[PDB]
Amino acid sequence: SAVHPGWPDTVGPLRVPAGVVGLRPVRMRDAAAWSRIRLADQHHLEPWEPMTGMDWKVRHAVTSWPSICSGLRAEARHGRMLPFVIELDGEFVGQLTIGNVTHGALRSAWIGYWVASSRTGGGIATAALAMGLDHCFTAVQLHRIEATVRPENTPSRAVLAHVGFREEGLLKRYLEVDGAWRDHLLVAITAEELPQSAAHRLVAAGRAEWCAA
């Protein structure tokens, strides 16, 4: 609370074109869904994520999740991360992760996401980011959220741009990804920008739609 404001919590639900979307904390029983999607989407994920030095299938066995989940929840207990699951109609379809959380005179964090490729409804990732931003700039009392994305990652750049992230810079040789140190764009948005952002319009419309009897 003092140590970890806004954690644990849920975010949403919203009703968006894909269905009902929400964020809620990672938990041990997510092992099966997490494993299934991460294994299936290896070609979508492995070359776009930081290198782990591990075999992908070994890493994403069902039996691997407990240690990972425990680690994420430990960081969240220290107020350094907020590890959410993206739900579509109550089902695990990905993760929305707030990381490197600081307060003091910085009050900033990064945000990362991934969504199962099998869910084709569209707007799931943007809704997740928009919910994450609203939660961070209210309950978590943050001032700024940033993200890093390779210039070559056309779909992710579009998702981030859509909800209102601004390009702030180009980080040279920033992260070890797909066998090399790769440039990443740095994008960001601050709390002053949220009310006029697409992210706010998405959440407001999503809540209005959800609340329609």
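Note that residue numbering follows the sequence shown and begins at 1.
As stated in the PDB record, which stretch has the larger average Cα B-factor, 62 to 70 or 145 to 153? In the deposited entry, the stretch with the higher C-alpha B-factor mean is 62 to 70.
Going by the average Cα B-factor in the PDB entry, point out whether 71 to 79 or 126 to 134 comes out higher. For C-alpha atoms only, the mean B-factor is higher in 71 to 79.
Considering only 54, 26, 171, 187, which residue's Cα atom bears the greatest B-factor as recorded? Comparing C-alpha B-factors across 54, 26, 171, 187, the top value belongs to 54.
Top residue by Cα temperature factor, when 99, 90, 94, 104 are compared in the entry: Answer for 99, 90, 94, 104: 104, with the highest C-alpha B-factor.
Using the temperature factors of the C-alpha atoms in this entry, rank residue 22 within its chain: lowest, middle or highest third. Ranked within chain, residue 22 CA B lands in the lowest tercile.
Determine, from the deposited record, the chain-internal third of the Cα B-factor for residue 108: lowest, middle or highest. Lowest third.
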